[PDB]
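What follows is calculated from the coordinates using simple rules that are stated; it is not laboratory data. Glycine gets a Cβ as well: all are built from the backbone with ideal geometry, and neighbour counts include every protein chain shown.
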Amino acid sequence: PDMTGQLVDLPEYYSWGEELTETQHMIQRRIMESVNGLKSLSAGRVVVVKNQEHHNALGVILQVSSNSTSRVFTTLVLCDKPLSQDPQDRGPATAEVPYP
Amino acid sequence: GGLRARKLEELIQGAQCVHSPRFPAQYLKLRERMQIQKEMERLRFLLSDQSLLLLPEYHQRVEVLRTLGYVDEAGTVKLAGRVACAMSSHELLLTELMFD
Amino acid sequence: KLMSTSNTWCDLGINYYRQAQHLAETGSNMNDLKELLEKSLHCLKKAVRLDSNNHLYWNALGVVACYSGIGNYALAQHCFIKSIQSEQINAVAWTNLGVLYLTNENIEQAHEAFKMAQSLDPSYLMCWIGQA
């Protein structure tokens with residue numbers, strides 16, 4: 001590639017984008033691993049849900065499973081009202097770059 | 001880690017590539033090449049020589065051998081080494097007793 | 001004459017050396033054996049140049065070059081070093097260097113060379129005698 005000008009930090013930006021995310025992900029581990037988080041996780045808790053299904057949609061925990069080994073949380077999570085019924089319109093789309 | 005994350009967020013929020021016309025393509029292509037490079041490095045290391053679990057112990061054995069008068073620099077056996085080579089048991093102690 | 005190979009050339013050089021050694025050691029003559037020694041050096045140099053990758057030829061050249069009648073020590077040291085480089089497992093060349101240094105009042109360095117020689121072959125006699 002040619003980076004002379006507007007693209008000068010393009011490779012370094014990538015590193016900055018990845019490592020920063022990694023730090024939060026490490027921080028994210030440093031979030032559930034704490035005994036204090038393990039105290040907060042109960043009914044009456046609002047959480048940000050991050051997976052392929054929910055993209056940082058706000059959800060509120062209803063209960064925490066008594067079996068704390070496989071922690072499955074029956075949790076009310078907002079999602080878009082489904083304006084579809086057919087799986088055929090879903091196809092791979094643009095890779096969301098991490099913006100600032 | 002949290003302060004480093006804060007600094008990375010601050011630096012990322014001023015990037016010039018984010019305003020460039022060709023930000024997504026070059027960037028994703030760089031992602032692909034970098035991922036391949038990292039897996040390439042791990043792959044070559046797996047076939048490399050540091051993988052051997054006991055290599056530090058081999059180095060330590062050579063060092064203890066060389067602190068006594070048994071192996072020259074760069075691993076060439078000296079006379080005490082050839083005496084302690086053809087010995088049944090307690091080679092170190094027996095040859096040390098013999099030379100003294 | 002009928003098969004020109006290196007080994008016979010080196011052996012012929014050694015034979016001439018032996019002949020000169022015998023003539024001198026019986027005090028029968030001196031300075032009338034010069035041509036014999038010159039012929040021996042010629043044969044050995046021919047052998048070594050014919051194939052310069054064998055420790056035997058370099059070692060033989062080194063030994064002959066330092067005979068009392070010729071007395072060319074620089075060539076002898078060079079020949080022994082080349083012999084050692086050619087094949088690292090060489091007790092003969094190391095002990096010959098030890099002899100060369102020891103006779104020229106350099107006891108320390110000759111001691112080092114002898115120690116190396118016996119390190120490479122613990123049951124070679126000349127190195128032990130030199131140590132004694």
Which residues, taken from region C:51-77, are loosely packed, with under 15 Cβ neighbours inside 10 Å and in contact with a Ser or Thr (Cβ under 7 Å, 6 or more places away or on another chain)?
C:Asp51, C:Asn53
I need the full set of residues from region C:114-132 which are away from chain B (no Cβ under 14 Å) and in a helix (DSSP H, G or I), in order please.
C:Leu125, C:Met126, C:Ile129, C:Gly130
Return yes when A:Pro82 is touching an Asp or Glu at 6+ places or on another chain (Cβ under 9 Å) and not polar (S, T, N, Q) and no when it is not.
no
Of those in region A:27-71 that are surrounded by 12 or more Cβ atoms within 10 Å (Cβ to Cβ) and of a type in the set (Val, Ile, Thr), the residue nearest to B:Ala5 (Cα to Cα) is A:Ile27
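Of the residues C:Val63, C:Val48, which is over 30 Å from B:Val77 (Cα atoms) and β-branched (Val, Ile, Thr)?
C:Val48
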Given the condition of a type in the set (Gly, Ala, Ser) and either touching a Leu at 6+ places or on another chain (Cβ under 8 Å) or within 30 Å of B:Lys29 (Cβ to Cβ) (or both), answer yes or no: does some residue in region A:70-86 qualify?
no
Going through region B:65-89 one residue at a time, which ones are in contact with a helix residue (DSSP H, G or I) (Cβ under 9 Å, 6 or more places away or on another chain) and surrounded by fewer than 12 Cβ atoms within 10 Å (Cβ to Cβ)?
B:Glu73, B:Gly75, B:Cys85, B:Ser88
Can you spot a residue in region A:17-29 that is aliphatic (A, V, I, L, M) and touching a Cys at 6+ places or on another chain (Cβ under 8 Å)?
no
Considering every residue within region C:119-128, establish whether at least one is farther than 30 Å from B:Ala80 by Cβ, free of Cβ contacts under 8 Å to residues at least 60 places away in the same chain and within 15 Å of the chain's Cα centre (by Cα).
no
Candidate set: region C:78-110, residues that are surrounded by 15 or more Cβ atoms within 10 Å (Cβ to Cβ) and more than 20 Å from C:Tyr57 (Cβ to Cβ); chosen: the one nearest to the other protein chains (Cβ to nearest Cβ)
C:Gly98
Filter region A:1-28 down to the residues that are among the hydroxyl-bearing types (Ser, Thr, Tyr), more than 7 Å from chain B (Cβ to nearest Cβ) and within 14 Å of the chain's Cα centre (by Cα) and list them by number.
A:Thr21
Checking B:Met87 against (1) farther than 17 Å from A:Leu10 by Cα; (2) within 14 Å of chain A (Cβ to nearest Cβ), only one condition comes out false. Which one?
(2)
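Rundown of residues vs (1) hydrophobic (A, V, I, L, M, F, W, C); (2) more than 10 Å from chain A (Cβ to nearest Cβ), yes/no style:
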position: B:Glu9; (1), (2): no, no
position: B:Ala15; (1), (2): yes, no
position: B:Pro24; (1), (2): no, no
position: B:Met40; (1), (2): yes, yes
position: B:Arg44; (1), (2): no, yes
position: B:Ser48; (1), (2): no, yes
position: B:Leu55; (1), (2): yes, yes
